[PDB]
Amino acid sequence: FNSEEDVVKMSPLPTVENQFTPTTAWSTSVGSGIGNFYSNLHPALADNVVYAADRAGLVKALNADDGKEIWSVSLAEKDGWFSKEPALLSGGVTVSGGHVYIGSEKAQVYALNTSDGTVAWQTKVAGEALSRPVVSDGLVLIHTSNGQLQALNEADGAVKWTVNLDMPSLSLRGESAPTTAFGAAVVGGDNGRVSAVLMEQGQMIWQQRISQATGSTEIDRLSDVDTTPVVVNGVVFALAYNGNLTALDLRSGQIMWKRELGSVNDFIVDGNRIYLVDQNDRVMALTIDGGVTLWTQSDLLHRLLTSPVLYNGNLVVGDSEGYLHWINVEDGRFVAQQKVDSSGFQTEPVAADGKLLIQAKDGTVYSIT
Amino acid sequence: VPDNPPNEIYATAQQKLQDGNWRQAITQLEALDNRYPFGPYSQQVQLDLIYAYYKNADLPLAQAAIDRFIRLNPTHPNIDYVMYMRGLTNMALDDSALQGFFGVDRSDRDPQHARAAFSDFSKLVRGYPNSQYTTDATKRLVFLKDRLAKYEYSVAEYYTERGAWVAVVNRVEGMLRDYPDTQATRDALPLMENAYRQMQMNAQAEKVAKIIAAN
Amino acid sequence: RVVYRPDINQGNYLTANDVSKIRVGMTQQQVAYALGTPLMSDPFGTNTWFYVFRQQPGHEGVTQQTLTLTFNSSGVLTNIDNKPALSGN
Amino acid sequence: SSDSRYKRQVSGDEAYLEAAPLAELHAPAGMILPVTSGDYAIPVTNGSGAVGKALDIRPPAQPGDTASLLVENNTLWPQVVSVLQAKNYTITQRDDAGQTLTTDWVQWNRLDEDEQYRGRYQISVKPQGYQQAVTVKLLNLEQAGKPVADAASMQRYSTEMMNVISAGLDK
Amino acid sequence: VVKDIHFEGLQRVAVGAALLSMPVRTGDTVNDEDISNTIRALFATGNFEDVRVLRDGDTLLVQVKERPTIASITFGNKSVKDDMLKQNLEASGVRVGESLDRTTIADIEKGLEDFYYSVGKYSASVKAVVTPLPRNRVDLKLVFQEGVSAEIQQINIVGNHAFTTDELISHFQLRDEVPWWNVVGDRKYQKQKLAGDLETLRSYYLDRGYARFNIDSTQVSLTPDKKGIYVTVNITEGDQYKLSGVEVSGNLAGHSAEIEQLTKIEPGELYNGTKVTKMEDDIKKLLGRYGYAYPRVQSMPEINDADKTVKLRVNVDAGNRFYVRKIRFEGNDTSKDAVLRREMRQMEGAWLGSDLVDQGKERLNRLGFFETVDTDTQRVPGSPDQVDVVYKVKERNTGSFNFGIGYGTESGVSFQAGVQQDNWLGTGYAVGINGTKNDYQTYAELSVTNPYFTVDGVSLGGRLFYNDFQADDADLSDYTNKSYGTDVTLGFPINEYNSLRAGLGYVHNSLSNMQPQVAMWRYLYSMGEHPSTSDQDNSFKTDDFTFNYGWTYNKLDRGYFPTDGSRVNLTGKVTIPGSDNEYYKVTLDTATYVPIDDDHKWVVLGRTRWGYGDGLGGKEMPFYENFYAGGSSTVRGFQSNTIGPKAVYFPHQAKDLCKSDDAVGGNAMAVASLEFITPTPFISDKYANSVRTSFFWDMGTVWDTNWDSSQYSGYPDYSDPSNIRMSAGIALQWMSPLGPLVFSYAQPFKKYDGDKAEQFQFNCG
């Protein structure tokens, strides 16, 4: 009664080459971690210091030279109420000001202290903060599982206001973090209808919609979509909660062009290309003007990966087996490959100022050369 | 079961039925219905189907197929046959316990089947005065009426043995309201008489006495 | 002898107060509403009702009060008959 | 070693065929009866078809006198005539003129030979339309010589000449 | 202008229908628009897929493609059942024998895929292939690939502080994980139970005085992998709450006393919901029992946060009393009507007492002649205060019949017969007839009892028999015999459950040519007849009238596969002065039960059996009545009738005694037992009611009282009882359509000398 496996499979590992030489500078742990649960625990970075996180409890503070601690405090309540209170941290571990304003599942947003890791304040919020917090003029913001863009005063967590949205019965964990644009944030939605709001009073000015019918007619809105969109020069590229690419302005937020093909997973804007992957490991390249297939690499098809990131002329993508895959912007064969972890990769490899980093499943960091 | 176009295999069913062996023809026939839901005479097969069902004790499925043919196309030059057949199904379903061969009287068991049979035959008769199946329908009607009367009389007897002397009066009144000709009624009257006697209600007993004396 | 018997009772329950409600000149409707429905009616002859409250607890006498009120063609009431006891044992 | 019956007879006993008559109440003066609820009533009927095992039950046949079935067409008479010779059967008189004819004894064969009759037929075939006449009013049908032509009898052997001519066309 | 409007071989529908389809008949001029509308019409038939129309003045020639026909439904699937697949097809407007194109391929694909979505396997890829048949049909090849379903990942519950999540999901059913250290089975996700589980949470949360809580919201996400899911709920605690009195009112028909007493509320304690609901239902129950079966009951709480206390406000009304007008039954195929109306406790033509009809039903059940018994109290049309209760029942064939004939090895002529019907012909009473004729043995048997000789319940039934056991195996432990006798009884109840019975019996007996044992010979010396111990030409006979009696008490739940209640029995028997064998023996039995699951699929069973004997002064009990057990319901494991003292012989004409294995049988038995009722999770529940399985743990012993060993020194002093035989194992019971069936397996562990183990037995009784 327990011998009933059946599923379609994926391309294992096409044509490993070595046009680069990938090495692992340092890999400290912070312990589990993430296990197998779905979340967004990407560790951020500033001032040559990284700040990892875990599944249940601890955070740390690791120097970005070899992974040495600055302070590794727990966050779960000391005297375990039920059992050490697994805080189930699931928010994007961002930072600003003095301060890793981590998200959580217990409806808490622990504003910590970069100095030593002493809670500047806790705060309760409607539903869980499955999204990634984002600072914007001392106003963090949180998309929830109750569609409530509850902004907060930075220094205190004084809830400035909330805004309600909708959500179907069945959804995905699509948790668009907002993006600042002249006070005008913008978010996606598990509904599938991007909005446009203002902070100071929490008021929305406009509504849209992208894809076709779903619900008992489940549409291809399932997507590793960076539900968080981007904007340039008054026009946005809200790679659809579905994935059917759309370009829109700020004020009207109207369709400029519809590359209605699949389900997005991320995007990157530079010059004219829009690198991204679509729902089936299909790394593409498209131009700003409209849906314009610059090319299409589809090697890893059906072998699911994580959202990508630019790195000094070399797109990079994670995997489900601890491999790295380095690619030139010209399509689009591999320029190298590594195998850096065993458990696997889940979250977004963030990188900046040369330092490229990523958290593993549990043995989090891998300072790639 | 092999396969062919419908004609020859339907003729084979004809053969193996007219012989007398049922189940083989049953199979061939339900087949010809299935593999050709609207074949040559796709209802002819239905009539033959119910006939075989009956002649092979397949009572419930016979019943079902009867209902299906009726509601499928009620107006039909031969439907009276189907009415009458449904009547036979009910009736034979009633006394089915052949143990009666031992000599017992079935007249005291569940009567519901008799009721359905009677309804059916009644509808047939009043719906078709001079069809081929009127008379035998009438005879069966009379016999069923008598059966029902006997049943209720049994119940009344049991109670008057028990003592419940308002149940008796009610049951006898009901019969006398519905079967006011059989032997059972002209037999049960003394029960109502005695009941009225019991509860010190006399004038009522005198009424029923005048009745019982008028026969 | 003395073995056993479940109690025996016959319907058309009665109190000893409501039987002070019903009156002459009332309606079949009013009376039927007041005392419920007459479980044992006159099957023939004139329309007339029989409310009988008979009860046998088993091996201890048999109690029965009965009241079988009359009626009229028009469906109105004329007379009543209060039998509280059963003479004859 | 048991045959020739059990096939056109109703199953069961025949005791019901003798139930007591329904004499009528009986009704003394100065009184009424509660007969006032006639709904199990039995309507009278003269009949009079036979009963019991004597009653046929053999399921009704059709391609009761000619519940006709035709299918419009080109001509048929010049070939339906030889559609007979598909079986090479007798004639009492061929009549190309009226485009129809009438035949002599034709003996079908069921599993009941006594019931199987040599029979005479009035072949009714013309294109009256828009219409293709495939029907026959039975001419002479006897119980292997005992002349009887009641309904079921007249209904059945009609249906033989019915189909064995459609089957005489389907060539 | 048209000359004809041909039609190329419709072959599925009449061409006259095609004549009707084309609006281009004689009467109107035909042009391009008419060609196009004929195209449209032939595409509007539902059975064609390609029409072209061609006209040359009067002539009109056309073509047609043939979507028909279809007869094939293939698989395909692996887990779900294709019955629902056919149901979808019917909903899909598709089935055998139709006219289908290759377009709906995607339609049916999506249909079944979303169907699997509803199932839980959100990864579905089936294939639809249409191979044709020669102008007859085309096929529907449907192979399936149902990817794995999604086990859940976690069940979070936001916004609680009076508890945690785990104990809340403890009291759940849609688990998340199962630990091997306490794996009680398996696990899987299903959307359905979500609602009931959520409401279970709701109730449990209420039952602690958090009256005004609510389930704010709830969502369920899905991994972007279709392999794991999530679920979260939002709630609001609300404080405790305190009861403050009760406010029953309305029309009580004068019952406040019982009413007020039903709402006995401890002064000032925390709220509860379930207790209040149950109390309301109980009011309903009682008020129904008195007659108002359709009462007007209403319970509306009244809270106040000014002190977080609630004062219950319940307003009711009764309605009308007495409703029973005509009671009917349905299902009695051959069983009489009266036979099952006798067991009734609500006399048609009386006020309705709900409990009355209910206990009637229970009694009817414990009669045990039927699969099930189902009541119903439907109203009567038009009358405001009358009903017609009807009992729905379903017979159960019990009485057997068998027959065995042969002329075997040397001189067998076996007329082996046998029958017992147990409610013969549904006529009401039970009979039993056996009979056999070996070449040397002869035996008869006959009994009958009418358990209503009167209507109040006085049963009655006689019985007689005959035994001619020639009984000469070769020459040892043969013990030739002949016996016969009769007995009549008289049973009558004493209350709802108990009963008594008495009645005389008379029996003769005779026997000779038996072995010189000691037991036989001790008893004979008690009778005085000093037979010649040496040889075995012994001979003797007797005869004796006897008087019987036996109490009873039964309260069993069902008839054959009980689940509750006990059933004690008792049987007494004693000689009457004037006979020749003075003694008395009495026995006992208790088939107690108890369920543990309210489903009543898990029942603990115990039972017992006992006995005794004596010699009523001077004499001693005759041996042909002794007790001994083994092999079956007596005790499993061992062989049949092997426990108890073993017959020792005297000195094969050439203490000089010898032991052997003959269950001579003592006059004092004591046997307990204990079982464990369990379901059978591997068979159709429907047909499963007819089978029954259980574990057990047998025990028990017998012995002899008047045994002696003071002069019988070195032999097992059977007078000692504490020599217990034990066993334990597994057995099952099938009410097979042939009849009752039982098989068993065990292994006796504590077994004294010579105990003949069997470990595997069955019975046709």
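Residue numbers (PDB author numbering), protein chains in the order written: chain B, 23 to 391; chain D, 27 to 241; chain E, 25 to 113; chain C, 26 to 88, 101 to 110, 114 to 211; chain A, 25 to 99, 101 to 679, 697 to 807.
C-beta atoms are modelled at their ideal positions from N, C-alpha and C, and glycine is treated no differently.
Nearest-angstrom Cα separation, counted from residue j out to residue i
i, j, result
"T61 (chain C)", "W191 (chain D)", "24 angstroms"
"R391 (chain A)", "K106 (chain A)", "39 angstroms"
"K186 (chain C)", "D154 (chain C)", "10 angstroms"
"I180 (chain A)", "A129 (chain B)", "15 angstroms"
"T250 (chain B)", "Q265 (chain A)", "43 angstroms"
"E34 (chain D)", "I205 (chain C)", "16 angstroms"
"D136 (chain C)", "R158 (chain C)", "24 angstroms"
"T116 (chain B)", "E91 (chain B)", "18 angstroms"
"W48 (chain D)", "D582 (chain A)", "45 angstroms"
"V75 (chain A)", "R64 (chain A)", "8 angstroms"
Minimum Cβ-Cβ distance from residue i to chain C less than 8 angstroms
i, result
"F68 (chain E)", "yes"
Where residue i meets chain A, residues with beta-carbon distance less than 9 angstroms
i, result
"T72 (chain E)", "The premise fails here: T72 (chain E) is roughly 18 angstroms from chain A at the closest Cβ pair, so nothing lies under 9 angstroms."
CB contact check: residue i to chain A, cutoff 8 angstroms
i, result
"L194 (chain B)", "yes"
"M189 (chain B)", "yes"
"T87 (chain E)", "no"
"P108 (chain E)", "no"
"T92 (chain E)", "no"
"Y37 (chain E)", "yes"
"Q34 (chain E)", "yes"
Any C-beta of chain D under 8 angstroms from that of residue i
i, result
"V26 (chain E)", "no"
"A104 (chain C)", "yes"
"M372 (chain A)", "yes"
Chain E contact residues for residue i, given Cβ-Cβ distances below 9 angstroms
i, result
"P53 (chain C)", "Per Cβ cutoff of 9 angstroms: no residues; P53 (chain C) is ~11 angstroms from chain E at best."
"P518 (chain A)", "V27, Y28"
Neighbour flag for residue i against chain B, beta carbons, 8 angstroms
i, result
"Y142 (chain A)", "yes"
CB contact below 8 angstroms: residue i versus chain E
i, result
"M117 (chain D)", "no"
"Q226 (chain D)", "yes"
"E199 (chain D)", "yes"
Contacts of residue i in chain E (Cβ-Cβ under 8 angstroms)
i, result
"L50 (chain C)", "What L50 (chain C) touches in chain E: nothing, since even the nearest Cβ is about 12 angstroms away."
Contacts of residue i in chain B (Cβ-Cβ under 8 angstroms)
i, result
"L199 (chain A)", "Per Cβ cutoff of 8 angstroms: no residues; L199 (chain A) is ~16 angstroms from chain B at best."
Chain D residues whose Cβ lies nearer than 7 angstroms to that of residue i
i, result
"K78 (chain C)", "Here the premise fails: no neighbours, minimum Cβ distance about 11 angstroms."
Partners in chain A for residue i, counting only beta-carbon separations shorter than 8 angstroms
i, result
"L63 (chain E)", "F347, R350, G374"
Practice task
Output the residue ranges of the beta strand (DSSP E) runs that lie fully inside the segment 125-208 of chain A and measure 3 residues or longer, sorted by chain position.
Solution key: Contiguous beta strand (DSSP E) elements confined to the segment 125-208 of chain A occur at 152-154, 166-168, 176-182, taking only those with 3 or more residues.
Handout entry: Contained beta strand (DSSP E) runs [length at least 3] in the segment 47-89 of chain E, N- to C-terminal order
Key = Restricted to the segment 47-89 of chain E, the beta strand (DSSP E) segments that are unbroken, complete and at least 3 residues in length are 73-80, listed in chain order.
Problem - Complete runs of the beta strand (DSSP E) confined to the segment 58-122 of chain D [at least 3 residues] - result: Segments of the beta strand (DSSP E) lying fully in the segment 58-122 of chain D: there are none.
Problem - Residue ranges of each beta strand (DSSP E) within the segment 226-276 of chain A, 3 or longer - result: If only uninterrupted beta strand (DSSP E) runs of at least 3 residues are considered, those enclosed by the segment 226-276 of chain A are 239-244, 253-261, 267-271.
Exercise for the section: Go through the segment 226-314 of chain B residue by residue and report every complete run of the beta strand (DSSP E) that reaches 3 residues or more, in order. Expected result: For the segment 226-314 of chain B, whole beta strand (DSSP E) runs of length 3 or above, ordered along the chain, are 252-254, 257-259, 267-271, 290-292, 295-299, 305-309.
Practice task
Check whether the segment 184-196 of chain A touches the segment 78-91 of chain D, taking contact to mean three or more Cβ pairs, one atom from each stretch, closer than 8 angstroms.
Solution key: Output reads no: the segment 78-91 of chain D does not touch the segment 184-196 of chain A.
Exercise for the section: Please go through the segment 151-204 of chain B and give each complete alpha helix (DSSP H) segment of 4 or more residues, from N-terminal end onward. Expected result: Counting only runs of at least 4 residues, the segment 151-204 of chain B fully encloses no alpha helix (DSSP H) element at all.
Practice task
Take every Cβ of the segment 185-197 of chain B, pair it with every Cβ of the segment 251-261 of chain B, and state whether three or more of those distances are shorter than 8 angstroms.
Solution key: Contact fails between the segment 185-197 of chain B and the segment 251-261 of chain B, because fewer than three Cβ pairs, one in each stretch, are under 8 angstroms apart.
Practice task
Please specify which runs of the beta strand (DSSP E), each continuous and at least 3 residues long, are wholly inside the segment 447-529 of chain A, giving them in chain order.
Solution key: Complete beta strand (DSSP E) runs here, min 3: 455-462, 467-474, 486-492, 507-518.
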